[PDB]
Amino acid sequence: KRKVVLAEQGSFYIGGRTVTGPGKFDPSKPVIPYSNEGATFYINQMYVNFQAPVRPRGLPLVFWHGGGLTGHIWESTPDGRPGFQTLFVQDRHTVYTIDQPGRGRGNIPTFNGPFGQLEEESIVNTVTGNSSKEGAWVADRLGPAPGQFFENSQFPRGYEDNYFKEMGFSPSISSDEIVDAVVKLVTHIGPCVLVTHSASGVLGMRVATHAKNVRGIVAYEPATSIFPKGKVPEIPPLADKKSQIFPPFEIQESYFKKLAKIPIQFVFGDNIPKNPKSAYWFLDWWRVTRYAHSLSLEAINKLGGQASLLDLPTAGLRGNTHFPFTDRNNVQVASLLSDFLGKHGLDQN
């Protein structure tokens, strides 16, 4: 189960731009402490890891972590079981895992000065945001409140410390530049499949509208829905009568239509309520967000697409969290991904 045979592996940086400080660099002057004088900084580049099996079959898979995460979540589960990287190299696919700009081995754009500031230019905000353990507990639907687990839970209980340690802040890099980095990667790789999660769901949809090399998308619990501009359907507020889900992203119809040309599957785990739940903000958030995605997928299919929503409980898998690919039944989740790829011939040469 753990053995992996690689024809090759490695990593590289791709994407990003440069910004410069004032003046000129003099190599006779003290270089330390570091200065912005005469400086060139590489910013917003992306880290990419790849593992290729011997005799690959089908298209490479690009695994794209959710918000505040890194490629670690595809390497191993919190309790040390194989992640999707190993499972899909074993399934004969070349596997790319990324750390997007602003996360993990991706660039965090900061310089000599207050965080994110290059002289008088604010590349990213000095004030950061970051979820707590408690916020992530309910966001990820481990249970309705911190410390509590749903009855059917597939979370690897006992490995909470490992799990929450993988999470962190993201600087305010523009989503345009994150999309740009992945478009460049997709151009480098050739035809491929994007496998996204949470915050990278909407970003992967955007990449596909800019890159015909994206031949399929599987999105695990995407966080933001996407619609043609001016055609966002009515979406109710949350049960607290005041909150709303993430504002839907709107793109021109010419680009939206490109989503109708490839197979797209959204995958949802368990314990999303069917009815309003005003006592549990993030459970109710997930209810309305999943509803918005169902309308997004319908809009794609009305344009002739091949978009589907897979609720893991309807496939016989109970208790999955927001991270089905690291839950205890991740091998079964993986088999469903393999089924998707096989159905559309994305596992054939």
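Note that residue numbering follows the sequence shown and begins at 1.
Engineer: Averaged over C-alpha atoms, is the B-factor higher for 132 to 140 or for 233 to 241 in this PDB entry?
Structural biologist: The deposited B-factors put 233 to 241 ahead on the C-alpha mean.
Engineer: Higher average CA B factor in the deposited record is what I'm after, so tell me if that's 257 to 265 or 273 to 281.
Structural biologist: Averaged over C-alpha atoms, the B-factors run higher in 273 to 281.
Engineer: Of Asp99, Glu119, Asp79, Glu166, which one's C-alpha B factor is largest in the deposited record?
Structural biologist: Across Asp99, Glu119, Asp79, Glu166, the entry lists the biggest C-alpha B-factor for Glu119.
Engineer: For the listed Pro324, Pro313, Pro60, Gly68, which has the peak Cα B-factor recorded in the PDB entry?
Structural biologist: Answer for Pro324, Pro313, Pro60, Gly68: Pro313, with the highest C-alpha B-factor.
Engineer: How does the C-alpha B factor of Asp176 compare with the rest of the chain: lowest, middle or highest third?
Structural biologist: It falls in the middle third of the chain.
Engineer: Please place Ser308 in the lowest, middle or highest third of its chain according to the CA B-factor in the PDB entry.
Structural biologist: For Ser308, whose C-alpha B-factor we compare with every modelled residue in the chain, the answer is the middle third.
Engineer: Is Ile251 in the lowest, middle or highest third of its chain when residues are ranked by C-alpha B-factor?
Structural biologist: As the PDB entry reports it, the C-alpha B-factor of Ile251 lands in the highest third of its chain.
Engineer: Once the chain's modelled residues are ordered by C-alpha B factor and cut into thirds, is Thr20 in the lowest, middle or highest one?
Structural biologist: Ranked within chain, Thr20 CA B lands in the highest tercile.
Engineer: Could you look up the Cα B-factor of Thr187 in the entry and say which third of the chain it sits in: lowest, middle or highest?
Structural biologist: Highest third of the chain for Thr187's C-alpha B-factor.
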